[PDB]
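**Q** Residue numbers (the deposited numbering), protein chains in the order written: chain A, 1 to 234, 242 to 283; chain A', 1 to 234, 242 to 283. A prime marks a further copy of an entry chain. Using N, Cα and C, we set each Cβ at its ideal position, and we do this for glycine too. Encoded as structure tokens, here's the structure I'll be asking about.
Protein chains: 2
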Amino acid sequence: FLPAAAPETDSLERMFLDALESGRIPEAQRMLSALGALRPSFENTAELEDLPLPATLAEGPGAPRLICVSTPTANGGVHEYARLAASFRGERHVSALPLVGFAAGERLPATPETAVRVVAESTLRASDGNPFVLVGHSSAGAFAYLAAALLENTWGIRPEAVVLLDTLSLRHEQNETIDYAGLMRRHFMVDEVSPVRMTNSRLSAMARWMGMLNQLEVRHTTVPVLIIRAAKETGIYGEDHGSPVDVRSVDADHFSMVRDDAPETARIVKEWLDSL
Amino acid sequence: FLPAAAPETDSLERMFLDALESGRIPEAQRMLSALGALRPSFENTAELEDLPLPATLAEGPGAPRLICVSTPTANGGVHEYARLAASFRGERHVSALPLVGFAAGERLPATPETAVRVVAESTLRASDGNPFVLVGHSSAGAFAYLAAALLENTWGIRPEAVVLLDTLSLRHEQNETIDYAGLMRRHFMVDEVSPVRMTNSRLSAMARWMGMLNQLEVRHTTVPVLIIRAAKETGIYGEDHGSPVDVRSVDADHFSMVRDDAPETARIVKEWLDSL
Ligand SMILES: C[C@H]1[C@@H]2C[C@@H](O)/C=C/C=C/C=C/C=C/C[C@@H](C)OC(=O)C[C@H](O)/C=C/C[C@H](O)C[C@](O)(C[C@@H]1O)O2
Ligand SMILES: C[C@H]1[C@@H]2C[C@@H](O)/C=C/C=C/C=C/C=C/C[C@@H](C)OC(=O)C[C@H](O)/C=C/C[C@H](O)C[C@](O)(C[C@@H]1O)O2
């Protein structure tokens, strides 16, 4: 609930936010990219001291447990799934995972497969040998889907399901299908109290993680998959997909679905989860 | 004498300095450029509240007074000419000028002519109607030379002289004549106590000011000009130049000439100044 410190005048955050405010998206992006390129990398998860650590956000008797993956945004983190987890308090366990590289002097993944890999392992630590559902908002969805598929292919472990909260793509290829530019504006122009500053490490991590979306290795997971679509933004999956993929609509936008319209989203997730 | 705070881990300074340490010059440069592009600009000196303000570094009876122009470096500023001015203490007045845009929420010049212009005006405030010599170390030299010429052409005011301390070029065109990359390393790897952090405003200002070197409008000044060359780095000007230009050698490198070998440099400046 407590606000992080406001951005200073000379801060990267402010310069960044001012650039978005004044519609200078490409320039802001190029700064991020140039900054992100200086960050040090890691190629294997063994080169990591410890794996990112999960935050428990709700506890409960059970069903499958919910493991949420943070969005690769500079203001992202475990706190992003707290309202959502509030609707599950006392019913089931809900964790969230930070992404590696957003905390100062964490190295970033060197490659998209390493990125998927670290999310997958850290998802496993969080499962603690239980049966789990991977959740991911927006592009965290893409990392959740693909981490499910990596778990299946290389460790023969299988989530009960994967939930995508308005995930718009996997690779997020910049190609006119969606205003990616306007979505970035809207995200960072959302008006709420964040518990984190957009540090230089978090902004450079965002660039690196977002930059890897375009080069992700696409891989199928057989486990069931729920896409909750947000109706305020506005028959592709059947028997021929090779696995069940359901699409539910929610009366919410992309942002409101994990915020004020979160309890709807949670309930659509509950309904679906037990109908499995 | 007191050290500025050390760079934090997440600071632009550290990431920047680490990039230079590990020989990743182009990448460091690209970050600087991308950052510098977000800074706001100004096209006229009238759009400025106040002009940069001079710091008096030595006082004295007189001769021509010495006005030093700071180097467009992130750790630059009036303090750069303090050792030099120490050798002139009690003999003549020595000021230094900050460059606009290095202090947080100063705007940068929009164009190289504005850059020259602001240096020229701020040089004038510092002259206080007296007779003066413009001094400039390295690339500050280029701005000093050209500001002399702007003073001459548009206000008919004429420095007594211009002194260039190992200035290597005017436009500093990246073109194999000199290791610009290795000179940037060496500058920032110099080991001394700075009284300033390389803030984000100072690093973005450096990019913008350095970036404008390549597009400067070259213009002659008629006033006499001394180039002190540094011998540890290792007949072009005569009657056909159209004005007197002298080249003296000093037993010093590019950095040592304003540091430990400063009193030599000062004395070469004294000798020359009175032989006019
Ligand atoms: C150099 C990289 C560059 C890195 C950097 O320049 C861009 C950073 C963009 C950050 C966008 C943040 C948006 C967050 C809002 C969130 C809802 O969208 C998202 O969660 C996903 C977001 O819309 C998609 C981002 C993909 C990047 O836009 C792809 C790319 O340009 C590919 C390029 O190869 O990233
Ligand atoms: C995008 C710009 C870029 C801006 C940014 O990418 C470069 C910053 C470079 C900073 C260098 C600092 C060196 C300081 C040492 C000092 C002794 O050298 C100097 O006082 C002068 C220094 O060697 C010359 C710098 C000229 C720039 O190197 C020219 C340029 O690449 C032209 C290009 O159009 O600057």
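#1: Express the C-alpha separation of A/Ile157 and A/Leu151 in angstroms, rounding to a whole number.
#2: Going by the C-beta, is A/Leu183 closer than 8 Å to any heavy atom of ligand 1?
#3: When we look at the beta-carbon of A'/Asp10 and count the other beta-carbons within 10 Å, is it buried (16 or more) or exposed?
#4: How about A/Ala205 and A/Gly60: are their beta carbons less than 9 Å apart?
#5: Between which two residues does the beta strand (DSSP E) containing A/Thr71 stretch?
#6: Going by CA-CA distance only, name the one from A/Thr154, A/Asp128, A/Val116, A/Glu43 that's closest to A/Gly136.
#7: Taking just the CA atoms, how far does A/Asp247 sit from A'/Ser33?
#8: I need the DSSP call for A/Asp18, collapsed to helix, strand or coil.
#9: Under the rule that 16 or more other beta-carbon atoms within 10 Å means buried, what is A/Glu49, buried or exposed?
#10: Reducing DSSP to helix, strand and coil, say where A/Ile227 ends up.
#11: Along the chain, where does the alpha helix (DSSP H) that runs through A'/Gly242 open and close?
#12: Name, please, each residue of chain A whose Cβ falls closer than 7 Å to the Cβ of A'/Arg208.
#13: Would you mind working out which of A/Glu233, A/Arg208, A/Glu192, A/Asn214 sits nearest A/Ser41, comparing C-alpha positions?
#14: Report the three-state DSSP secondary structure of A'/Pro112 (helix, strand or coil).
#15: Out of curiosity, what's the CA-to-CA distance linking A'/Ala120 and A'/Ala63?
#16: Just how far apart, CA to CA, sit A'/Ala126 and A'/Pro54?
#17: What does DSSP give as the partner residues of A/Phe42 in its beta bridges?
#18: Taking DSSP's pairing of strands, which residues face A/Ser256 in a bridge?
#19: Counting only beta-carbon atoms, is A'/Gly105 nearer than 9 Å to chain A?
#20: For the beta strand (DSSP E) holding A/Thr154, just list the boundary residues, first then last.
#21: Using only the alpha-carbon positions, how far apart do A/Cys68 and A'/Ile25 sit?
#22: Residue 240 of chain A' to A'/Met264, Cα distance in whole Å?
#23: I want to see whether chain A comes within less than 9 Å of A'/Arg24, judged by CB atoms only; does it?
#24: Could you compute how far the alpha carbon of A/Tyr81 sits from the alpha carbon of A/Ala96?
#25: Between A/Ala147 and A/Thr123, which are expected to be in contact by the criterion C-beta below 8 Å, what is the C-beta distance as a whole number of angstroms?
#26: Is it true that the CB of A'/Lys232 sits closer than 9 Å to the CB of A'/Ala269?
#27: Nearest-angstrom Cα distance between A/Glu47 and A/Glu106?
#28: Does at least one heavy atom of ligand 1 sit under 8 Å from the Cβ of A/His79?
#29: Is the separation between the beta-carbon of A'/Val133 and that of A'/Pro159 shorter than 9 Å?
#30: How big is the Cα-Cα spacing for A'/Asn175 and A'/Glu192?
#31: Where DSSP assigns a beta bridge to A'/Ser122, which residues make up the other side?
#32: Count the other C-beta atoms from every protein chain shown that fall within 10 angstroms of the C-beta of A/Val257, then say buried if there are 16 or more, exposed otherwise.
#33: Which chain A residues sit within Cβ distance under 8 Å of A'/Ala19?
#34: With distance defined between alpha-carbon atoms, name the residue in A'/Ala6, A'/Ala110, A'/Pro98, A'/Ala85 nearest to A'/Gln215.
#35: Roughly how many angstroms separate the alpha carbons of A/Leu164 and A/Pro98, rounded to a whole number?
#36: State yes or no: is the C-beta of A/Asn175 nearer than 8 Å to some heavy atom of ligand 1?
**A** Reading from the atomic positions:
#1: 5 Å
#2: yes
#3: buried
#4: No, the Cβ-Cβ distance between A/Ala205 and A/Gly60 is not below 9 Å.
#5: A/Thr71 -> no beta strand (DSSP E), and no H or E assigned at all.
#6: Closest option to A/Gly136, Cα to Cα, is A/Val116.
#7: 50 Å
#8: Looking at A/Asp18 - three-state DSSP - the assignment turns out to be helix.
#9: exposed
#10: strand
#11: Per DSSP, A'/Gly242 belongs to no alpha helix (DSSP H) and is neither H nor E.
#12: Here the premise fails: no neighbours, minimum Cβ distance about 13 Å.
#13: A/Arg208
#14: If DSSP states are grouped into helix, strand and coil, A'/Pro112 belongs with the helices.
#15: 21 Å
#16: 6 Å
#17: Beta-bridge pairing links A/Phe42 to A/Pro109.
#18: A/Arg229
#19: yes
#20: Where A/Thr154 is concerned, there is no enclosing beta strand (DSSP E), although the alpha helix (DSSP H) it sits in stretches over 139–155.
#21: Cα to Cα, A/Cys68 sits roughly 39 Å from A'/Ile25.
#22: Between 234 and 242 in chain A' the model has nothing, and residue 240 of chain A' is one of the residues in that span.
#23: Cβ-Cβ to chain A under 9 Å: yes for A'/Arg24.
#24: 7 Å
#25: 6 Å
#26: no
#27: 11 Å
#28: no
#29: yes
#30: 30 Å
#31: For A'/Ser122, which the question treats as bridged, DSSP gives no partner whatsoever.
#32: buried
#33: Correct list: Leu38.
#34: A'/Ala110
#35: Taking the straight line joining both Cα atoms gives about 17 Å.
#36: no
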